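Here's a solo chain for you in structure tokens, the form deposited in one PDB entry.
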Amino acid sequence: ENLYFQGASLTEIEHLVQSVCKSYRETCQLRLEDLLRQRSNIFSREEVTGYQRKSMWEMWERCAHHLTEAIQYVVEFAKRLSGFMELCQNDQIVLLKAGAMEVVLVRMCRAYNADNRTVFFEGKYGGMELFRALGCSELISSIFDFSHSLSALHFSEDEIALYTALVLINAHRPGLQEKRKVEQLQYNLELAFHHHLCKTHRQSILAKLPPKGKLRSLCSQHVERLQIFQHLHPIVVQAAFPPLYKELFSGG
């Protein structure tokens, strides 16, 4: 079904590095240069106040829509990743349901400016106070802290490409039917990421990468906060939240 479902040679691992970085470049959503350039476009105090005066439900709806847009690029990244389309559909869905949000959270560090603790949202950079109307301050603070910690690693685009491929191809996800195929693909993507780090003298980041439990905790908090919002505004979720968002985070 795929070369990377068995043992790959050094030349084949080098080919895998190029392939992953290409799949990522084609599906990165926003170019890094475009995010960096917009760092000087920051929401004013008046604009921050305007966001804080928005209703909780309208802010939740806008954030769900923007997250869904980011998730659609992750689905395309997965489709272009070597081996992914050769997995069975059950496994493709298991991996995307568990990992799409984790990849979005990792990618989001590119849109986070550690100098002033702001994130790119709706055309400008804003601090965590911009999202106060959501009523999930702990989750926002945790996402900002996570982004701050990844920003301190100074990831290159190729490092994000290889690291996010591994975040997605996790053979430990419950529900995988072809677990051994996923393990071999994950082993080869791990070799590709570690080969690239070795070649670029960046192996010091391996001990500094966040534990898997960290991305899991952020995803669990997101689902928990959504359940609280859904109990308050059930018809907003039913009528105005994107269907893909609901399939991933609220069971349909």
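Position 1 is the first residue in the sequence shown; the rest follow in order. Residues that one form lacks are left out of the comparison. Only the largest set of C-alpha atoms that superpose within 1.5 Å between the two forms is called the rigid core.
One more form of this protein, deposited in another entry, exists but is not displayed; see below.
The residue among 204, 41, 227, 55 whose Cα moves by 2 angstroms or more between this form and the one not shown, once the core is superposed, is 227.
In the core-superposed comparison between this form and the one not shown, residue 236 has its Cα shifted by at least 2 Å. In the other entry, the Cα atoms of residue 236 and residue 50 sit 3 Å or more farther from each other than they do here. Shown here is a form in which the CA atoms of residue 131 and residue 236 lie at least 3 Å closer together than they do in the other entry. Shifted region between this form and the one not shown (core-superposed; runs of 3+ residues, all CA displacements of 2 Å or more, residues common to both forms): 226-241 only.
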